[PDB]
Amino acid sequence: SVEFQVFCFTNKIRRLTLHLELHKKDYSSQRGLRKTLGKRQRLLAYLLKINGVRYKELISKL
Amino acid sequence: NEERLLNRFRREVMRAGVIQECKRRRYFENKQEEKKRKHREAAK
Amino acid sequence: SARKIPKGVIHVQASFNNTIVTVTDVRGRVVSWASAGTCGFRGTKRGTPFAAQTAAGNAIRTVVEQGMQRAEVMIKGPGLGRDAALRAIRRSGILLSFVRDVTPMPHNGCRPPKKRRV
Amino acid sequence: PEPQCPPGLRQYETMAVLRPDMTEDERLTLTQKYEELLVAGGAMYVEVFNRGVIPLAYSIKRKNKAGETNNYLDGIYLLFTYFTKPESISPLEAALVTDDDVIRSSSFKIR
Amino acid sequence: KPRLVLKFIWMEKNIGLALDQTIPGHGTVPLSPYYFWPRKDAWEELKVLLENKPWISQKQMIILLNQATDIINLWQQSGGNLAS
Amino acid sequence: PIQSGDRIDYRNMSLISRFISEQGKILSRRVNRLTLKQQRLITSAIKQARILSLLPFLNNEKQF
RNA sequence: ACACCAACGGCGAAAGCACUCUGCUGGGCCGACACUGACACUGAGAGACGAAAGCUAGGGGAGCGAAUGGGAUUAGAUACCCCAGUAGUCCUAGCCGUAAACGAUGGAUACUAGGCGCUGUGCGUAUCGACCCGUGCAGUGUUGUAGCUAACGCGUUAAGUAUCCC
């Protein structure tokens, strides 16, 4: 299941970001946010590598 | 009373050697590995 | 004089280069103190077991106006002045209830100063 | 019987020691501030049971409201096996610090 | 849990205290450790060995330590005097 | 030994105080002969009971 | 600042991290096929973090303590010793971006004796419950075969055999 990985990582970045911006100095979870961004980004380049229209739907969903 | 000394004998339970330890400076793992390597091997 | 009660605590500040033999009552008003610097000789000689013996003897020889039976001793600190002091009090042989230590055992409070390098 | 509700929120247990003097408004008023917790928490609040007063090791420093007087040797050992949301535990800490008959209140989280 | 023997020896210069210890609920073999002629601590060495065991009950450790203490005590008095 | 099934809490002052000395200080794993997990868990529990003044931080020295 | 606990121990990518408790939150490990189906590795330039000392701004300042000052040793002593002692040490917000930042060992995968260990989980035995034995893995350590090495040594966590990338 791929779109649950992208969507799940998106909610991960939402909850972790609204953690981090009202907190502002945790330099440990910064790596977690950046590993999630990079991991999701290699997924988006993967599904963009496979398809057009379907990845256009992944952009249009979020 | 007799001339027996159990305060020195009991004293080595928690030795006064934690006070000859604490006169000189707080120094890190080189002399804590020397003193605590010789001390981890003195009790074994 | 004093309260005239023959029970009372004895504190022995055994330093690394000195000894102090003080004796006081239960509340803490000192009835006498005598150290190694008190009993005459002073310098590198003070703080040796002969100074502990002489300082303890000249300390508690002057409590004969009280004649304390029930003694209890509360020593403190490192040095070569402990065991000769306890042999001095047991030499006077008065009713030594219990000796004890009250030495400051820190829980990493302040930084102790530089190592000597001598 | 306790694993019924912890779908949704958390579980704790607060240890709080008391004054040894009063016997009245001690089971009462501290259960009334437990009802203040009930306005806050509202979950399976059970087993708030009391432990007998015994001599502790060493305690000073009551800090009454402008008293700063009483040393102690004894204390009533309350412990609340309560159950709440993880939100609003710091106001339980302020409630169990500021009040007079509660000193030295350490909460915990049993698993 | 078997039960226990300290063995002391007094010769004028030198104490030996020898702690023979015994089994808990777990099958174990102690020696008798003999603590030695130089001024190196006998009571601390013995008691610490017992505490390190936990295999020794408090009553057991204490009874042996009391006997050990008594001999070190007699030894100190004889050494300070000449008893022999 | 002495695990006794129920977990070690500050409320269990039976197996706790078999682990401190009469001088009131925590004994190591090789003395108490437990696992690492038992040792750390009684360590945190003993220091909790140290906060509640159930246990002394220092016991006054005694003779005779 | 946090004694005993402290362990040749646990965690972190490294630097680091230990009085306890709570909250938010990262990361790891293990199992079942529960799902997708190569989404993988490395990484120029780039970006982040980065002990200590240093600097800007404001607090705070017990101990320790460069500089400094006095005493001593000394031919001399700007130094070791001792007595005072300022910046600093701590915290807030930044800058600085260096260390023997060391495992003196970039990362990743596959394969190649063992012994003795520790930590985490999994299965079976044993009891029906804590043990306890073997093990399946992952990580950490110590001796060590083969092989490599100028030698010392390293040796399944290679400095072995190969492949890739800087």
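Because the Cβ atoms are built from the backbone with ideal geometry, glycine has one as well, and the counts that use them run over all protein chains shown. Only the coordinates and a few stated rules stand behind these numbers; no lab work does.
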- [ ] Rank F:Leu27, F:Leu36, F:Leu54 by mean-square fluctuation in a GNM of chain F with C-alpha springs under 10 angstrom and give only the top-ranked residue.
- [x] F:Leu36
Open item on the list: Using a Förster radius of 22 Å, what is the FRET efficiency between B:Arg40 and B:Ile19 based on their Cβ-Cβ separation? Nearest 0.05, please.
Closed with: 0.65
- [ ] If a/c stays under 1.5 just call it rounded; otherwise compare a/b with b/c (prolate if a/b is bigger, oblate if not). Do that for chain B, with a ≥ b ≥ c from the square roots of the Cα gyration tensor eigenvalues.
- [x] oblate
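Sorting C:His11, E:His26 on the 10 Å Cβ count, fewest up front, what's the list? Walk me through the intermediate numbers first.
Numbers: C:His11 18, E:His26 8.
Result, fewest neighbours first: E:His26, C:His11.
Can you give the calculated 222 nm mean residue ellipticity of chain D, where each DSSP H run of n ≥ 4 adds -39,500 (n - 2.57) and the sum is split over every residue, rounded to the nearest 500 deg cm²/dmol? Can you show the working numbers first?
Working: 2 runs with 21 residues, N = 111.
Computed mean residue ellipticity for chain D: -5500 deg cm²/dmol.
Restricting the count to DSSP beta bridges whose residues both fall in chain C, what percent are antiparallel, rounded to a multiple of 5? Each step should come with its number before you reach the end.
Numbers: 11 of 22 bridges.
In chain C, approximately 50 percent of DSSP beta bridges are antiparallel ones.
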- [ ] Determine the alpha carbon to alpha carbon distance for each of A:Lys24/D:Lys109; C:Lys76/E:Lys13; A:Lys25/F:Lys47; A:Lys24/D:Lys61; B:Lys35/C:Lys7 and list only those over 32 Å.
- [x] A:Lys24/D:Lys61; B:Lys35/C:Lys7
Task: Within a Gaussian network of chain E (alpha carbon springs, distance under 10 Å), most fluctuating of E:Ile23, E:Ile56, E:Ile72 - done: E:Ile23
- [ ] Please name which of A:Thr36, A:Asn51, A:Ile13 has its Cα lying farthest along the dipole of chain A towards the positive end, using unit charges on Cβ (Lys, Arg +1; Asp, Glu -1) and the Cα centre as origin.
- [x] A:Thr36
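So what is the 222 nm mean residue ellipticity for chain E from helices alone, if each DSSP H run of at least 4 adds -39500 (n - 2.57) and you divide by all residues, rounding to the nearest 500 deg cm²/dmol? Don't jump to the answer; show the numbers that get you there.
On the way: 2 runs with 33 residues, N = 84.
Rounded to the nearest 500, it is -13000 deg cm²/dmol.
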Task: Distance histogram in 5 Å bins (all Cα pairs of chain A, percent per bin) - done: 4, 16, 26, 22, 14, 10, 6, 2, 0
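How shielded is B:16-28 by partner chains, expressed as the average number of their Cβ atoms within 10 Å of its Cβ atoms?
On the way: counts 8, 1, 4, 8, 3, 1, 8, 6, 6, 6, 7, 3, 0.
For peptide B:16-28, the averaged partner shielding equals 5.
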Open item on the list: Whole percent per 10 Å bin, from 0 to the bin with the longest distance: what is P(r) over all C-alpha pairs of chain F?
Closed with: 21, 55, 20, 4
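If the viscosity is 1.567 mPa s and the temperature 4 °C, what Stokes-Einstein diffusion coefficient in µm²/s follows for chain C when Rh is the Kirkwood radius over Cα pairs? All intermediate terms of the calculation are to be shown ahead of the outcome.
Details: Rh = 14.9 Å.
Answer, rounded: 87 µm²/s.
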Open item on the list: Restricting everything to alpha-carbon atoms, can you work out Rg to Rh for chain E with a Kirkwood hydrodynamic radius?
Closed with: 1.01
Task: Beta bridges by DSSP in the protein assembly as shown, antiparallel share as percent, to the nearest 5 - done: 75 percent
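Note down, for the protein assembly as shown, the three equivalent ellipsoid semi-axes (square root of 5 times each alpha carbon gyration tensor eigenvalue), biggest first, whole angstrom. If you can, show how the numbers build up before the last one.
Working: eigenvalues 656, 198, 130 Å².
That gives 57, 31, 26 Å for the three semi-axes.
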- [ ] Sort out for me the Cα centre separation of the range C:46-64 from the range E:7-84, rounded to whole Å.
- [x] 33 Å
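Quick one: dipole size for the protein assembly as shown, taken about the Cα centre, charges +1 on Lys/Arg Cβ and -1 on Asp/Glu Cβ, in debye to the nearest 20.
Values: 86 positive and 44 negative charges, 574 e Å.
For the protein assembly as shown, the charge dipole is close to 2760 debye.
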Task: Charge dipole (debye, nearest 20) of chain F; +1 at Cβ of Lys and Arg, -1 at Cβ of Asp and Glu - done: 280 debye
- [ ] Using only the alpha carbon atoms of chain D, find the Kirkwood hydrodynamic radius as the inverse mean reciprocal pair distance, in angstroms to one decimal.
- [x] 14.8 Å
TODO: Determine the calculated [θ] at 222 nm for chain F from helices alone, applying -39500 (n - 2.57) to every DSSP H run no shorter than 4 residues and normalising by the residue count; nearest 500 deg cm²/dmol.
DONE: -9000 deg cm²/dmol
Task: Positive dipole terminus of chain B, leading residue within B:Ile19, B:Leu6, B:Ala43 (C-beta point charges) - done: B:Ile19
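Please average, across the residues of C:100-108, the number of beta carbons from any other chain that are within 10 Å of each residue's own beta carbon, and give a whole number.
Details: counts 5, 9, 3, 5, 2, 8, 3, 2, 2.
Mean shielding count: 4.
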Open item on the list: I'd like the mean, over residues of F:56-63, of how many other protein chain beta carbons sit within 10 Å of each residue's own Cβ.
Closed with: 6
TODO: Please identify which residues in the range C:26-43 have an amide N closer than 14 Å to a label point set 7 Å out from the Cα of F:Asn60, following the Cα→Cβ vector.
DONE: C:26-28
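Above 18 Å lies some portion of the pair distances; for the range C:52-97, what is it as a whole percent of all C-alpha pairs?
Values: 235 of 1035 pairs.
Tail of P(r) above 18 Å: 23 percent of Cα pairs.
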- [ ] Return the single residue from A:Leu33, A:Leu43, A:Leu22 with maximal mean-square fluctuation; model: Gaussian network over chain A, springs between Cα atoms under 10 Å.
- [x] A:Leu22
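Within a Cβ distance under 14 Å of C:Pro78, other residues only, what is the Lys/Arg minus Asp/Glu net charge? Walk me through the numbers on the way to the answer.
Values: positive: B:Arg8, B:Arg11, B:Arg15, B:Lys23, B:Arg24, C:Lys76, C:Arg82; negative: B:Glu12, B:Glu21, C:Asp83, C:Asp101.
With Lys, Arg at +1 and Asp, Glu at -1, the net is +3.
Given charges of +1 on the Cβ of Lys and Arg and -1 on the Cβ of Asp and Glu, with all other atoms neutral, how large is the dipole of chain C about its Cα centre, in debye to the nearest 20?
Value, rounded to 20: 440 debye.
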Task: Sorted by Cβ neighbour density within 10 Å, fewest at the top, the residues C:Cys110, B:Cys22 - done: C:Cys110, B:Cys22
